Amino acid sequence: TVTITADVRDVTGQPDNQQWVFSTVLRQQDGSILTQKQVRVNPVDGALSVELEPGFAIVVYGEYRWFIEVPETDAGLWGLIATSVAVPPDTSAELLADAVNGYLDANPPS
Amino acid sequence: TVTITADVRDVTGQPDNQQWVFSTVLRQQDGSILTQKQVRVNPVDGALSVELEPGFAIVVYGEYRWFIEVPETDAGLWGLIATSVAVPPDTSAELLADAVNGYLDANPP
Amino acid sequence: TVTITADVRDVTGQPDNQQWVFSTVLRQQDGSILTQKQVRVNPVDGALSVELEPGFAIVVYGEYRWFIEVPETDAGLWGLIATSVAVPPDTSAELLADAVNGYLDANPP
Amino acid sequence: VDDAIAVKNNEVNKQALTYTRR
Amino acid sequence: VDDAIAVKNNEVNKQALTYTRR
Amino acid sequence: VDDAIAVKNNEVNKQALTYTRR
Amino acid sequence: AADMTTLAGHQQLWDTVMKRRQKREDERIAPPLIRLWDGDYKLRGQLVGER
Amino acid sequence: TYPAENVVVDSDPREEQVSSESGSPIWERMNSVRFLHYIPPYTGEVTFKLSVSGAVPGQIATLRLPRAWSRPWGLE
Amino acid sequence: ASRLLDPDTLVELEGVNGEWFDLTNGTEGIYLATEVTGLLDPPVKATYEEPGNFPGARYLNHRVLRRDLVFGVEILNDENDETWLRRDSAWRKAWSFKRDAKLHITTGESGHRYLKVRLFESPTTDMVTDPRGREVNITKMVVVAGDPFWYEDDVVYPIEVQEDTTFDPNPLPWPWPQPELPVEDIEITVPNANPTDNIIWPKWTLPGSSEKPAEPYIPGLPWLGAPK
Amino acid sequence: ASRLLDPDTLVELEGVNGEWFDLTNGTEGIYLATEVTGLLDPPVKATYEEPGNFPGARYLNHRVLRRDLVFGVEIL
Amino acid sequence: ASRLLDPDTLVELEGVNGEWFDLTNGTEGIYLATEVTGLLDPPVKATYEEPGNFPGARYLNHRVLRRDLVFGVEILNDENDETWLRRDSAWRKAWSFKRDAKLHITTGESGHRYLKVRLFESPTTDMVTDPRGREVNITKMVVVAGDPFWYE
Amino acid sequence: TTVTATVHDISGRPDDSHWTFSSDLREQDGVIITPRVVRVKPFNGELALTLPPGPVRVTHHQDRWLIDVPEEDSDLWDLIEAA
Amino acid sequence: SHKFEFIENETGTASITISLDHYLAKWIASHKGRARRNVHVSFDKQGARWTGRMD
Amino acid sequence: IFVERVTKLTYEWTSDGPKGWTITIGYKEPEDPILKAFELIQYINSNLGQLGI
Amino acid sequence: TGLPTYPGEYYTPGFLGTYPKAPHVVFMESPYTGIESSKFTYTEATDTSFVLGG
């Protein structure tokens, strides 16, 4: 019982309620056996919240599989995934912004 | 968060209401996770209006596919499309002929 | 817009109401985006009349295809077909002008 | 099917004449 | 077909004993 | 089939109303 | 009777009602008992094996 | 001595909707009121509010929710 | 990418006497064969009506039909009580027309579900030559699930009474004026009331009175004792 | 590992005159031919109803039918 | 003289829960599967009578019927939540007997139109071997539109 | 000889999917132990069962083990990881 | 479908088959709604008018 | 809910088991038109008997 | 206008049946019905005054 949580949207800020899948290898926690059973969680109004047992877990989402160590506290899910997600492909707006700055100012008297 | 807009018409000046399509790669914005969902937007009586989260986005319209950067404040869509095609990331800071002499223009509010 | 017109008849002098097709390449003009929608116009009692936005347009009729430039004031369609260009003009300068004009509209003085 | 019901109807009409006069 | 009409007839002949006696 | 006898039964029931009333 | 204090008694109550549904299912597919009697109402026998 | 009128209520329209441990005809005392409403497909969080009169602490009720899928796998 | 497709799928039958068959690994000498119809969705009848002398049709209703499931089992002919004959006898003993066997399917992606199944036709074996002399025989199964869905175990949530709401029946008019009785309100929150693709009819188990009735019961007479 | 499948299966007909035929050894010149239909289980008519609009069907009856045997005999 | 025929035809399904499938590009792993019956014309019953002894027949009526639409979809068996089992279940979730899905066709020559579509039979894949072990599977679709026209 | 475990998913709820137990044919304490493959289902995520000492095969979905069962009572995980 | 019959000096009959989702079939069904309970039809074609009352 | 009395109960059984029950709730006229003809003939024969008295 | 009351043959263990004071049976024709086929007939009243005698 550690709550792992996130807020999940599409590019328009609208909720995305596609299921997130949690599982593990067989292992023992506090004396009980944890099985490989795939726990499928709906985001509710875009909020994802799941109780997980500490240590190794697998996260699956669409094409993606990531391995996490569920920490012994109450962490946010992007922090556990972030090292395994590719950075958004660099696009030019900062260059154009700089190039259109560097004014010689207008200052009309009207 | 940020609103992007356009007025979209045919060569006869009547509205064209075919869908625009918007998506992004899996990434974090203002705390939240942004997913790969393709969101379909129809212009209404010729007005296109979409809330988009800042940073990288993909715009598909028929054959075309533009990769764009959503600004931190409200904007016209065609400026973001024009930026994406006119300035590839490899543009080498060419400085645009002082933005073509800035077209020699500016006005206060 | 500008009104473009023709009188359309068959070899026996009766009116010929088969459709004419109008389109363009994707571009901005005034405040608006013009789309690649193929707009189909019937002649009415053999009079073809269509309001078009100035600049580049595509005319199609039966087997034929033409690249017209629509002038700034009302004109006969045959004068534009007889003067039609071989291949579309590029938008390279216009896309830079649009990108600069967009970034300026995103943050005025 | 309907023709078989029609044939049986005609035969019943011919047999009803044992029991009726118009 | 004529067999089904014969079955329907035997069922009506039985139900008509509610409404008839010798 | 039972349905064809049932359809013709329903027509005779609507034409019997020429000849009977509650 | 079942213990209404604990889940095991709620399960015993459920399993008692499901048993009663099974007896009603078996009684609905059972044929009538048919008996034949003579003119002075003496029993001749039970009929089983009619078409 | 008979069991008390402990009951199973079943909302399903195909079966006797109220049945007692005693075999008492408690469903005849409903005046033709029926349970009519199912829990729809893909229903998440629901709050069920009951009320009771005439009960003592330590008695429990239960809510029982079937799981019937069109297929051997998938459809989550 | 390069990948062998070797699914996790486990298929087991539990028979009407509680004997078990693994149809995936074949530890009882029995395997599911390469022909299956009637897993996945059950058959549906959809009904439409003509809207009079106008375009199209209108939807009336749809109904899930019984699941007719057709499959074969490959039975290996080995020695002693592992002969084809003995295994085909053991297989036949697992099935009934009156009693449900249950077919279990397990996956990593969805866990475990079962289907309640019976014979619809008698099992068949082709007998071109004496099947005791053949090295494998395929037996053809035509089976029905008259309850056509795939089941998990039914979830039970406990609801606990916490206030004494007992009252004296004797001062009251008949039937009791329920607006002026003592009442406890119990709330229960269920996190996932129905995960499934199908409608769910809830069931409730409710405790009757712990206090003895006011009058004894005489078989053959109406019990007038209800008001008190 | 390696084995011959050679069953001890004996098939005999006793006729309506008490005359016997061994159809395995053909000592009377007659053998059971290939392709027998109707040994093993007898045919059964399972009866189900699908009334109204509830999912699936009810079992009503099953009856063991008349067994038809189709076979041939090879006469030398 | 010489050309490739490469039409701009876009086929999309919008499901009863608002989920979308691009059946031309298969970004959800699903494609329209070769033979399609029923896209291009609604069935019609034209009624004529041949009474007595005149030459020919007399027209009485014609009616546009409900349109049966038979097709299949190719579902690719990839990894993780993109297995055939996840895609064929997601595909099944888009469809209903009671609610209407929308089948959207866009072509440059004539723009965008959509058809309101229902299941008519349960979707089926053949199971010669376990579907999860096959590298692709075809789900057969028998679909009805009781309102038989294509709408803007 | 008594063996127990508590069995859960990664979210700490019960996993009541059936485990499987069997052996080779053998005699222990004067009783013949048969090759029958017993399915045992956890109840509220607990399982408890009796096993004869010496070799037993355990199975859970695709996982297979050959445990060796002691005279004393013991936890099924401690027996499983000893394989 | 519908049918009507005219008979000389004798009672003809008529019938209408209709869908239950039709706004007029709902009005024939709801006797709560008709304060004046009888239902009458007119079929008009080529100057002829069949008229009658629901049995 | 429409309420009235059960006026007719029919049971049928065959070698394939029960066909179930036909229940008439309220006073329906006979479905076969010929049984309505026999029902009117019963009414006449009772009236024709009292007219002879 | 009062709250419904029941015959004392209800409450009794093992009883089933109808008394006219308190009908209970409803054949629901809504979804999941179970009924094989049905005809509902409504017949209007067809007669305003009665003439008698002779």
# chains A, B, ... in the order shown; residues from 1 in each chain; ligands from 1
call {"tool": "residues_around", "arguments": {"residues": "residue 47 of chain A", "least_positions_apart": "3", "cutoff": "9 Å", "atoms": "only C-alpha atoms", "output": "MDAnalysis selection string"}}
result
chainID A and resid 5:8 15:17 42:44
call {"tool": "write_last_selection", "arguments": {"atoms": "C-alpha atoms", "output": "compact mmCIF listing (two decimals), in the first residue's frame"}}
result
# COMPACT_ATOMS: atom_id res chain seq x y z
CA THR A 5 -0.63 8.89 -8.89
CA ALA A 6 -0.76 11.10 -12.04
CA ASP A 7 -2.98 13.52 -14.03
CA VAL A 8 -3.29 12.33 -17.67
CA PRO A 15 -8.61 13.81 -20.07
CA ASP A 16 -7.27 10.51 -21.46
CA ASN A 17 -8.83 7.40 -19.87
CA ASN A 42 -8.72 3.41 -15.63
CA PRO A 43 -7.82 7.07 -15.14
CA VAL A 44 -11.02 8.58 -13.62
call {"tool": "residues_around", "arguments": {"residues": "residue 5 of chain O", "least_positions_apart": "6", "cutoff": "9 Å", "atoms": "only C-alpha atoms", "output": "PyMOL selection string"}}
result
(chain H and resi 29) or (chain I and resi 174-175) or (chain O and resi 21-22)
call {"tool": "closest_residue", "arguments": {"among": "O:31, O:54, O:20, O:14", "to": "chain G", "atoms": "only C-alpha atoms"}}
result
O:14
call {"tool": "interface_residues", "arguments": {"of": "chain O", "to": "chain J", "cutoff": "9 Å", "atoms": "only C-alpha atoms", "output": "ChimeraX atom specification"}}
result
/O:29-37
call {"tool": "write_last_selection", "arguments": {"atoms": "N, CA and C atoms", "output": "PDB file, in the first residue's frame"}}
result
ATOM      1  N   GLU O  29     -43.027  -7.566 -19.736  1.00  0.00           N
ATOM      2  CA  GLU O  29     -42.726  -7.674 -21.173  1.00  0.00           C
ATOM      3  C   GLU O  29     -41.553  -6.761 -21.587  1.00  0.00           C
ATOM      4  N   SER O  30     -40.916  -6.108 -20.615  1.00  0.00           N
ATOM      5  CA  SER O  30     -39.672  -5.339 -20.734  1.00  0.00           C
ATOM      6  C   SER O  30     -38.433  -6.240 -20.996  1.00  0.00           C
ATOM      7  N   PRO O  31     -37.226  -5.684 -21.250  1.00  0.00           N
ATOM      8  CA  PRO O  31     -36.020  -6.455 -21.546  1.00  0.00           C
ATOM      9  C   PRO O  31     -35.706  -7.586 -20.554  1.00  0.00           C
ATOM     10  N   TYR O  32     -35.160  -8.686 -21.081  1.00  0.00           N
ATOM     11  CA  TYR O  32     -34.979  -9.985 -20.409  1.00  0.00           C
ATOM     12  C   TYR O  32     -36.310 -10.669 -19.980  1.00  0.00           C
ATOM     13  N   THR O  33     -37.415 -10.456 -20.712  1.00  0.00           N
ATOM     14  CA  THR O  33     -38.784 -10.881 -20.321  1.00  0.00           C
ATOM     15  C   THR O  33     -38.969 -12.367 -19.975  1.00  0.00           C
ATOM     16  N   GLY O  34     -38.587 -13.284 -20.862  1.00  0.00           N
ATOM     17  CA  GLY O  34     -38.832 -14.725 -20.722  1.00  0.00           C
ATOM     18  C   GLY O  34     -40.113 -15.282 -21.354  1.00  0.00           C
ATOM     19  N   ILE O  35     -41.058 -14.448 -21.773  1.00  0.00           N
ATOM     20  CA  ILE O  35     -42.322 -14.864 -22.409  1.00  0.00           C
ATOM     21  C   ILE O  35     -42.100 -15.180 -23.891  1.00  0.00           C
ATOM     22  N   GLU O  36     -42.679 -16.251 -24.428  1.00  0.00           N
ATOM     23  CA  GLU O  36     -42.363 -16.761 -25.771  1.00  0.00           C
ATOM     24  C   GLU O  36     -43.032 -15.978 -26.902  1.00  0.00           C
ATOM     25  N   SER O  37     -44.303 -15.645 -26.745  1.00  0.00           N
ATOM     26  CA  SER O  37     -45.075 -14.776 -27.626  1.00  0.00           C
ATOM     27  C   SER O  37     -46.278 -14.233 -26.875  1.00  0.00           C
TER      28      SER O  37
END
call {"tool": "residues_around", "arguments": {"residues": "residue 14 of chain F", "least_positions_apart": "5", "cutoff": "9 Å", "atoms": "only C-alpha atoms", "output": "ChimeraX atom specification"}}
result
/F:9 /M:13-15
call {"tool": "closest_atom_pairs", "arguments": {"of": "chain N", "to": "chain F", "cutoff": "10 Å", "atoms": "only C-alpha atoms", "output": "tab-separated table"}}
result
residue	atom	partner	partner_atom	distance
N:30	CA	F:13	CA	9.7
N:31	CA	F:9	CA	7.9
N:32	CA	F:9	CA	6.4
N:33	CA	F:13	CA	5.7
N:34	CA	F:9	CA	9.2
N:36	CA	F:13	CA	9.1
N:37	CA	F:16	CA	9.4
N:40	CA	F:20	CA	9.3
call {"tool": "write_last_selection", "arguments": {"atoms": "N, CA and C atoms", "output": "mmCIF file, in the first residue's frame"}}
result
data_model
loop_
_atom_site.group_PDB
_atom_site.id
_atom_site.type_symbol
_atom_site.label_atom_id
_atom_site.label_comp_id
_atom_site.auth_asym_id
_atom_site.auth_seq_id
_atom_site.Cartn_x
_atom_site.Cartn_y
_atom_site.Cartn_z
ATOM 1 N N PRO N 30 -62.311 -16.641 -28.927
ATOM 2 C CA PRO N 30 -61.561 -17.722 -29.556
ATOM 3 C C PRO N 30 -60.753 -17.293 -30.780
ATOM 4 N N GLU N 31 -59.496 -17.722 -30.858
ATOM 5 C CA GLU N 31 -58.584 -17.294 -31.920
ATOM 6 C C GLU N 31 -58.978 -17.862 -33.284
ATOM 7 N N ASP N 32 -59.287 -19.153 -33.361
ATOM 8 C CA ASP N 32 -59.807 -19.753 -34.579
ATOM 9 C C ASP N 32 -61.240 -19.271 -34.833
ATOM 10 N N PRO N 33 -61.544 -18.672 -35.995
ATOM 11 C CA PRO N 33 -62.859 -18.091 -36.246
ATOM 12 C C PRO N 33 -63.972 -19.132 -36.178
ATOM 13 N N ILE N 34 -63.680 -20.363 -36.563
ATOM 14 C CA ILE N 34 -64.594 -21.481 -36.439
ATOM 15 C C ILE N 34 -65.010 -21.792 -34.999
ATOM 16 N N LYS N 36 -65.302 -19.399 -32.730
ATOM 17 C CA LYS N 36 -66.314 -18.362 -32.545
ATOM 18 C C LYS N 36 -67.644 -18.735 -33.205
ATOM 19 N N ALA N 37 -67.643 -19.412 -34.348
ATOM 20 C CA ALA N 37 -68.875 -19.938 -34.920
ATOM 21 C C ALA N 37 -69.533 -20.973 -33.997
ATOM 22 N N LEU N 40 -71.182 -19.111 -30.865
ATOM 23 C CA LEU N 40 -72.505 -18.579 -31.214
ATOM 24 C C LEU N 40 -73.575 -19.668 -31.397
#
call {"tool": "interface_residues", "arguments": {"of": "chain H", "to": "chain J", "cutoff": "12 Å", "atoms": "only C-alpha atoms", "output": "list in words"}}
result
residues 12, 13, 14, 15, 68 and 70 of chain H
call {"tool": "write_last_selection", "arguments": {"atoms": "N, CA, C and O atoms", "output": "mmCIF file, in the first residue's frame"}}
result
data_model
loop_
_atom_site.group_PDB
_atom_site.id
_atom_site.type_symbol
_atom_site.label_atom_id
_atom_site.label_comp_id
_atom_site.auth_asym_id
_atom_site.auth_seq_id
_atom_site.Cartn_x
_atom_site.Cartn_y
_atom_site.Cartn_z
ATOM 1 N N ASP H 12 -32.473 -9.267 -10.910
ATOM 2 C CA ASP H 12 -32.681 -9.867 -12.231
ATOM 3 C C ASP H 12 -34.173 -10.153 -12.519
ATOM 4 O O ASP H 12 -34.849 -10.779 -11.704
ATOM 5 N N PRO H 13 -34.726 -9.711 -13.660
ATOM 6 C CA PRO H 13 -36.147 -9.863 -13.967
ATOM 7 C C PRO H 13 -36.578 -11.296 -14.280
ATOM 8 O O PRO H 13 -37.777 -11.559 -14.332
ATOM 9 N N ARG H 14 -35.646 -12.231 -14.480
ATOM 10 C CA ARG H 14 -35.913 -13.633 -14.831
ATOM 11 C C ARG H 14 -36.286 -14.520 -13.630
ATOM 12 O O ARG H 14 -36.839 -15.598 -13.812
ATOM 13 N N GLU H 15 -35.976 -14.099 -12.411
ATOM 14 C CA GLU H 15 -36.079 -14.887 -11.182
ATOM 15 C C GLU H 15 -36.995 -14.232 -10.134
ATOM 16 O O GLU H 15 -37.365 -13.071 -10.240
ATOM 17 N N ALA H 68 -19.779 -11.296 -15.615
ATOM 18 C CA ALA H 68 -20.075 -12.058 -16.816
ATOM 19 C C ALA H 68 -19.540 -11.346 -18.064
ATOM 20 O O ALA H 68 -19.968 -10.250 -18.405
ATOM 21 N N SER H 70 -18.575 -11.293 -22.313
ATOM 22 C CA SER H 70 -18.921 -11.865 -23.617
ATOM 23 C C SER H 70 -17.864 -12.837 -24.138
ATOM 24 O O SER H 70 -18.186 -13.744 -24.903
#
call {"tool": "atom_distance", "arguments": {"atom1": "atom CA of residue 83 of chain A", "atom2": "atom CA of residue 50 of chain A"}}
result
20.5 Å
call {"tool": "calpha_fit_rmsd", "arguments": {"fixed": "chain C", "moving": "chain B"}}
result
12.6 Å
